[PDB]
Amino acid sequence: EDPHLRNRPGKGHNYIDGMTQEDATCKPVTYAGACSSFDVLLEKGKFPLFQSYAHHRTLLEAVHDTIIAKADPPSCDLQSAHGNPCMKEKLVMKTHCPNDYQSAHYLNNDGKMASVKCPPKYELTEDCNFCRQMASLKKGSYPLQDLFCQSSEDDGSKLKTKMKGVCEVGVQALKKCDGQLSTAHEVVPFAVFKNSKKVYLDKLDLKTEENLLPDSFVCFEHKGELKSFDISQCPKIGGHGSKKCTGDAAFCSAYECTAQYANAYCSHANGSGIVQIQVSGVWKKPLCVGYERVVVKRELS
């Protein structure tokens, strides 16, 4: 029912630095065109958390909107002899890469965007851990995690993973465990906050406060086919702008509506709003929330 999933909050840039050959349809993503770093997120059921929060930012969008910092280095060369800095974090993740990707990206333990990358024209293997030779490569990067992001000033410097009975989750050793342990790949929820590391969680509990801020709207104009349109051009009631706009009841409560004189139509974005997450009993406003499938070791005997 939502026809505006490609009408992106923010700049809407779904490319990774160093892979710019599909900028025409990824920078920004919009109604028209294919984008190998974004289109996979909308395949029904593949990325269920993002699809529940699809008017929030992807990881690449959050990087280009300066909400999430890039890791140093920003891509790891999987081919390199004697290693790369991503290998430990990547190996504890169980991931499936489709064929023909040169790059795949993820939110690392420090809360920054890292990526693994193959040479030309090498593709990642199915487990995303190696490169192999391949008609032609995709021009973007495969998102390894199901997540979504938003801006936040809420300090998470005292927040840390606390998981009952867990000794290790991903690359995080949580506590001393000298007994015999059990091991499994688990799909674990996590969040990243201002000034925190990745916080893995026993349970994902989210709430959304809807509002009438700009990222709560999607605006479109007619290509002279729909085209994404920036609401910042639209005058507020009592204010000025550079364009004429119209929209739904929520839009017209705050913005001028000029009906048949409008250059664009704006409507409230389904599911948008400020997201908070419950973490060790307290609600906090995260930068990003997601799931990843990682090795987990639990106390046993």
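Residue indices: 1-based, along the sequence shown.
Gap check for residue 224 to residue 225: 10 or more deposited residues are absent from the model.
The gap between residue 76 and residue 77 holds no unmodelled residues of the deposited sequence. The stretch with the higher mean CA B factor, choosing between 61-69 and 26-34, is 26-34. A summary of the deposited B-factors shows that, of 197-205 and 156-164, the stretch with the larger mean C-alpha value is 156-164.
Per the deposited coordinates, the residue with the largest Cα temperature factor out of 229, 190, 122, 142 is 122.
Based on the entry's C-alpha B-factors, the most elevated value among 83, 214, 111, 170 belongs to 83. Annotation for residue 176: CA B-factor lies in the highest third of the chain's modelled residues. When the modelled residues of the chain are ordered by their C-alpha B factor, residue 150 lands in the lowest third. Sort the modelled residues of the chain by CA B factor and residue 9 lands in the middle third.
The deposited CA B-factor of residue 129 belongs to the highest third of values across its chain. Per the deposited record, the Cα B-factor of residue 100 falls in the highest third when ranked against the other modelled residues of its chain.
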